[PDB]
Amino acid sequence: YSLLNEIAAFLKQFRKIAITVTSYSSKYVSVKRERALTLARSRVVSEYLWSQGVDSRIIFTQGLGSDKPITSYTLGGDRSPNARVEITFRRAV
Amino acid sequence: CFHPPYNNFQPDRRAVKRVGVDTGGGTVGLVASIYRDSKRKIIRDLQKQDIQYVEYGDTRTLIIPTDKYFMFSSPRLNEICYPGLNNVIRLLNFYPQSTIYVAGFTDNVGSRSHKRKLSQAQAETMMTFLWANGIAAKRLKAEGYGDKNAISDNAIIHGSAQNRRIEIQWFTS
Amino acid sequence: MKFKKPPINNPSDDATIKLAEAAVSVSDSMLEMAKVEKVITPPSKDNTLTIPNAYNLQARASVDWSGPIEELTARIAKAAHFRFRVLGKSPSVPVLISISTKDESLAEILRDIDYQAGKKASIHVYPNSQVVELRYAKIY
Amino acid sequence: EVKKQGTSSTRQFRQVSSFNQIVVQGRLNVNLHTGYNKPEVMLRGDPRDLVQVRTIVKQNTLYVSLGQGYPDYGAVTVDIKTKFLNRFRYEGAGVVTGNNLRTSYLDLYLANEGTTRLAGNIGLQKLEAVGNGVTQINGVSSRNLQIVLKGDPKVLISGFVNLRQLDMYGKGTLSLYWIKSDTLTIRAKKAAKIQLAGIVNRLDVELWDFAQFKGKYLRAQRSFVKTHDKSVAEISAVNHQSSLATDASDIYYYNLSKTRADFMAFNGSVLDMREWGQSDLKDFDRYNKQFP
Amino acid sequence: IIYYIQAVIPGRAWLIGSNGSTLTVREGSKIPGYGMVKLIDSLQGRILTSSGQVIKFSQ
């Protein structure tokens, strides 16, 4: 939560309209289990960010499972570099 | 040591820390331990936080304000106030035969079905937290009343704040 | 044996006291009249027929918006990867909405927008063509 | 004490007295019937070992098994017809088949590879399977039943059962089609597979390690579920759901109950695992919304 | 009379009526007031009739 507080203190420096939070994971059991896992992870993280005072108008959350890997080395578990959460936005004016 | 979110629902080995900082005397560590695991200091610690304790006959009652132990208008449990909940488990550990009733109460603002449903949800959340710390399922019951039997006046601000609460009653036999 | 009573909050302002006292009376007037209107004309139809759900309408959002309807509906459609369509002429007096929720699905966001639009505009969703369509009323 | 060599299976008729309990031991096949005739037993066996096929009766109990020792015998076929049956015990690697049975209560005790078929309406309150034997019972209508299993049975029962308690400690598998019960208590220990469906007012579930509870299609009103390490649960609560997952264990629900409360301890997890594509899914309220 | 489902398995279904009378229905059999059952769904809590109406869970 100290890291999430640090990220919220970063996000308060800008002015913005929408934020997107998307979560991706690695392949464990089926497609459904990690789709549910990534959706739950993104829901919790965006809630704590909304609880802190980021002055956005919309926050979108989605979880894509293990569909879009950024690396062909898939030997770790959760230690793998392609299990991640990404927060993207556009600075407005 | 201690994990701050509920210690993974394990009993924390609390006494050894005191006897390690005092052996690092053994007798002074035992006296400090036998003072702070007594019932009256636990009762004073709930008094130090915002939880009220009433004993009358062989019936015992705990009064808990939802204002500090729940998040606003939701059945989610407020995680910053975990010392009070741990002290509730420690005090309830002393009566391993009794049956427990937990009842939830709100104030008068809103609709009737809304008040009843919110009370039922909050009572179930606190009952589930009690059940997950070791207490068997045959010893527990939760009920949510609305604005049924108030203890203060709802036309004034502070009394209306005092009316939103969780009641825990238990017997001895 | 110091005596204490459980709710001890931060101190209060008498402006907030007066504002709260006005708001409670507004609230039960609204509740009583809504009960009367529900009794007098019972509704029969639901907008799940016009807005069904689909896959990737189950991404979630939390929103704080106080403007006209069209740009917000475009943002939701773009997040849901749907095409956006407008029918009819926009009126000269704009159609204003106000949404303040937390963590609900995009289908419910559109249904709440559809309820607040009222007699002025409507929302339709075609999932086989992946189209969100907003149409304005033939008034004025 | 003789072996079975040199003699082929012949037809024998014998008469028996009244009996209300059957004990069978040995490598054999038994077919059951039920009629309003005399008590009888049918023995297809070797005429040399029809004497070794012992049909003795002691106090309304019939003892159809080996007599004068078992050095060796290969094939014994017993058909039976009577009026009341109240206890059946079989041991010793064989086949039992029967149907069209009627009772108020009777007790099964099956052991040691008894391939068994029942196709009647039997209201039984106790059942025991000892080890490594499949069981296929079609039709049970009982107002009480208590099952405990210790070895590796593969049992599946059909009908209507008001079950009360369940304890599992082996590599047992079990499935029931309909149960209309009131309070279930499940304790599963080593690696057990349970498959239920029906209506339950109150459910209590304990899984210890490597245990799987397939409680999907079992619609419960109150659920209390606790899972320990590397165990799997499928839950279908309707009104009230209370769950705790401690360390690397999984709980999956499949319905949105009116009140939900879940806790996580070390690495356990509770996941939604619903469809996302049904046309009439319902979302959370103010009162359901908990964040895992 | 209105019929609701009670518990759904692949292959069989258990239904309760308005008067509290239970029924067990196969993939295709006779039901009065509804017609012919042609589809039993297990992932969805729906069963279809030949008259063009669907029986789902109670609310």
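Observations, loosely collected:
Think of it as A, B, C, D and E in the order they're written, each chain with its own count starting at 1.
Keep in mind that, in the parts below, a contact is a pair of C-beta atoms (placed from the backbone, for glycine too) under 8 Å apart; a residue touches a chain by one contact, two chains touch by 3 or more.
Here A-C and B-D were compared by C-beta pairs in contact; the pair with more is B-D.
Averaged C-alpha coordinates give centres for subunit C and subunit D that are 54 Å from one another. Centre-to-centre separation between subunit D and subunit E, using Cα means, comes to 28 Å.
Separating the CA-averaged centres of subunit B and subunit E is a span of 47 Å. We define each chain's centre as the mean of its Cα atoms; on that basis subunit C and subunit E are separated by 37 Å. Looking at subunit D, residues 276, 278, 289, 291 sit in touch with two or more other chains. In subunit A, the residues touching two or more other chains are 39, 43, 47. A complete list of chain pairs in contact reads A-C, A-D, B-C, B-D, C-D, D-E.
Across the interface of their complex, subunit D is touched by residues 32-33, 35-37, 39-40, 43-44, 47 of subunit A. Residues of subunit E touching subunit D in their complex: 6-9, 12, 14, 43-44. Across the complex, subunit D is touched by residues 6, 8-9, 73-76, 117-118, 120-121, 124-125, 127-129, 131-132, 137 of subunit B. The residues of subunit C lying in touch with subunit D in their complex are 48, 52-55, 58, 103-105, 107-108. On the side of subunit B, the complex with subunit C involves touching residues 47, 50-52, 63-65, 67-68, 109-111, 157-158, 161-162, 164-165.
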